[PDB]
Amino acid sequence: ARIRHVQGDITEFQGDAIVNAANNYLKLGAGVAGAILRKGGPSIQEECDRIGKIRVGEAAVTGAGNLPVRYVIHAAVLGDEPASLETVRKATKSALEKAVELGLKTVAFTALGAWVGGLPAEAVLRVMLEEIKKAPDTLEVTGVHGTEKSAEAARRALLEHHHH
């Protein structure tokens, strides 16, 4: 899959889906999830409740309420178990599998497990990169950053990856 890094607010992403760093109970609270629930509205949590508890490392899809995306993909990175590079790998892979299963073309992510999970961003981005490279080229992943300095860094890393 293709990758781009930009500065912005993931809740204003205007594509097919955004990926939420979720707990395995799919309870929207800390981090981006809170923003997702405020701007997308109550229907997102209600749909999550219909799904019920999942497994750390799994992903689940709901509608995106009042957000300008089609879907929210809830990638469970923690909950009964603490976040780790392994849960981040599995959840990123599960999120990608849902995107491909729905024939999505544009999907936004943040650095799963690096905020609420406590993991270092550099390691998280590397495992995400490894999983994203396995998805088909019909899919474009956008990493959304709070800062241009942040986005420029990941962009620099991504160019360094071509040597070789």
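Start at 1 and count along the sequence shown; that's the residue number.
Practice task
Please work out which of 62-70 and 126-134 has the higher mean CA B-factor as recorded in the PDB entry.
Solution key: Higher mean C-alpha B-factor: 62-70.
Handout entry: 109-117 set against 48-56, stretch whose average Cα temperature factor tops the other in the entry
Key = Result: 48-56.
Problem - Top residue by Cα temperature factor, when 26, 30, 139, 95 are compared in the entry - result: Top of the list by C-alpha B-factor: 30.
Exercise for the section: Would you check the entry's CA temperature factor for residue 151 and let me know if it's in the chain's lowest, middle or highest third? Expected result: Answer is highest: the recorded C-alpha B-factor places it there.
Exercise for the section: Divide the modelled residues of the chain into thirds by Cα B-factor and specify which third, lowest, middle or highest, holds residue 4. Expected result: Tercile = lowest for this residue's CA B-factor.
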